[PDB]
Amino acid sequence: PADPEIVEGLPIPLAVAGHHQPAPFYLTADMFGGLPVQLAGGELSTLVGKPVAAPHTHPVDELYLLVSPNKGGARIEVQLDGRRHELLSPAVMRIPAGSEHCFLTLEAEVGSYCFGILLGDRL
């Protein structure tokens, strides 16, 4: 009864440069015969003041998506090649391929999520 169209074995924690524990992926390049994007992320309520990674880079563009049940329920700081940016939920920020970046949770409620959508199949 494993259904080839359904993946329940999630997240998929992958070692990523800059991270100190594996990053939680929900879409990987090897799913469903091959995907054109990857997607990692997670719930932020326990991460306020606790960054997941140091400044790091990807060979592909990556979009951050920040959501929370209440409008403005979550806020993150993003460093983009050394320049601080902030996002207030809901928001999306583009991180160009090669840009040294990371994010920090400054505010979150139960149900705040940040996802990174990697526009390619390599890390």
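Note that residue numbering follows the sequence shown and begins at 1.
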Can you tell me whether 87-95 has a higher mean C-alpha B factor than 57-65 in this record, or the other way round? 57-65
Of 34, 49, 42, 73, which one's C-alpha B factor is largest in the deposited record? 34
Tertile call for residue 110 (CA temperature factor, within chain, third-based) is the highest
Where does the C-alpha B-factor of residue 17 rank in its chain, lowest, middle or highest third? highest
Residue 8 CA temperature factor, ranked by third within the chain: middle
How does residue 27 rank on Cα B-factor within its chain, lowest, middle or highest third? lowest
